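Everything below concerns the one structure shown next.
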Amino acid sequence: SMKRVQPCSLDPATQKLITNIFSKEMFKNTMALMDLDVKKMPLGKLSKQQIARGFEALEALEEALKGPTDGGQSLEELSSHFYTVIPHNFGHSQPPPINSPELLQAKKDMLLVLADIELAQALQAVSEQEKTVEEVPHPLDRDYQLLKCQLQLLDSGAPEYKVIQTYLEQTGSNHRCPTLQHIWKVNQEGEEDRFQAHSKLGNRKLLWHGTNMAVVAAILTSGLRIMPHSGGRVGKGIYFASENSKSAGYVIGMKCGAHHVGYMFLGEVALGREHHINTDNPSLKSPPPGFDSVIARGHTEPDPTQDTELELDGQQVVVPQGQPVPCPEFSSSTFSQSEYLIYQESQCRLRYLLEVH
Ligand SMILES: Cc1nc2c(c(=O)[nH]1)CSCC2
């Protein structure tokens, strides 16, 4: 007969977060923003098979792009097949040909977001145990438990609160300053074991990772990942910034009522011996031999003399506290702001999640 729904155990802020990151409207908004046809590709219709087939179309396009003219299919023809697999919407005009490396990576980045949307759908599937029991958790407790990631809301007087607020305020944009609403301490267990492997590795820094809302659930469940087909200015790794304003550019938020809500992570990254670069290298898949990280160095860096430390699981972790200052050694760099790169998932541990407006 009628199953009982148990009261929610979660505080209001965490309830709102959980509502936001599993929101169907949000997921569909993200798809429409990536030019996808949500009518032809419903959320409940998304499959891993479809996404794999899309990546296979992009791989064929990549091969056609990298040359030469070998008498294969045209770029228009191979685009047309991609759009059969992954329906796009451009006001019912024909979609554009995927005919440049820039556009190709954009379609790769899109499919990676769609893969993390699919993940959140699959995660929500009702299990057979859940159908037999006569009392069920509040839907938000259920969704929270699916993450298998401990979240703890921080209050104003938490040991790290002011340190994190200062990091945000001092390294964020001077005019378009993102407003802190909430901070959660993040404990994704199953990250801990692989992270402990790097315990001898010094040079740890708390670094920003801005993200769109559509991939937050996947990150909470899985950690920050190096996905096949991922890339960027410093190659195939996980990207962090010491400047909030740099990471805030990657925060795709959503309109709530009269405000715009978005999410940013702080990860503890074991950088070890750093290799500094000053020119883009999209082909990097690891640091040079003897290095543990690659730092694309910017014209500016948060004033190192203002750096502080937090103790996280018995380790000292550098947290920038200073406004960006010019670095004369990197004044001719192709990077205005630094991008911090690691090339294995175990060198980072999620530590904090911030809600910003
Ligand atoms: C998704 C994401 N990308 C990057 C950053 C980020 O915070 N998020 C900062 S470095 C440049 C790339």
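Numbering starts at 1 and runs along the chain as it is shown here.
According to its header, this structure was worked out by X-ray crystallography, 2.1 Å.
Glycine too: its Cβ is placed from the backbone N, Cα and C atoms.
As recorded in Swiss-Prot, the features of this protein are as follows:
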type: DOMAIN; residues: 7-125; note: domain 'PARP alpha-helical'
type: MOD_RES; residues: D35; note: ADP-ribosyl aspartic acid
type: MOD_RES; residues: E56; note: ADP-ribosyl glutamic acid
type: MOD_RES; residues: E134; note: ADP-ribosyl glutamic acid
type: MOD_RES; residues: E135; note: ADP-ribosyl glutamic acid
type: MOD_RES; residues: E169; note: ADP-ribosyl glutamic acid
type: MOD_RES; residues: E274; note: ADP-ribosyl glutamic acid
type: REGION; residues: 279-307; note: region 'Disordered'
Going by a 10 angstroms cut-off between Cβ atoms, which of the modified residues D35, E56, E274 has the sparsest surroundings? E56
Densest Cβ neighbourhood among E134, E135, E169 (modified residues), 10 Å radius: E169
Restricting to the same chain and to residues at least six past its boundaries, which positions have a Cβ under 8 Å from a Cβ of the region 'Disordered' (279-307)? 170-171, 201, 231-237, 242-243, 269-273, 318-327, 329-331, 333-343, 347
Nearest of the modified residues to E135 (ADP-ribosyl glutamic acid) by CA-CA distance, picking from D35, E56, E169, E274? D35
I'd like the per-state residue tally for the region 'Disordered' (279-307) from DSSP, helix first, then strand, then coil. 3 helix, 7 strand, 19 coil
What Cα-Cα separation, expressed in whole Å, is found between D35 (ADP-ribosyl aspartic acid) and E56 (ADP-ribosyl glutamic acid)? 20
Indicate whether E135 (ADP-ribosyl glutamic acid) is helix, strand or coil by DSSP. strand
Rounded to a whole number of Å, the separation of the Cα atoms of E134 (ADP-ribosyl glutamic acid) and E274 (ADP-ribosyl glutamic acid) comes to 55
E274 (ADP-ribosyl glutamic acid) falls, by DSSP collapsed to helix, strand or coil, into strand
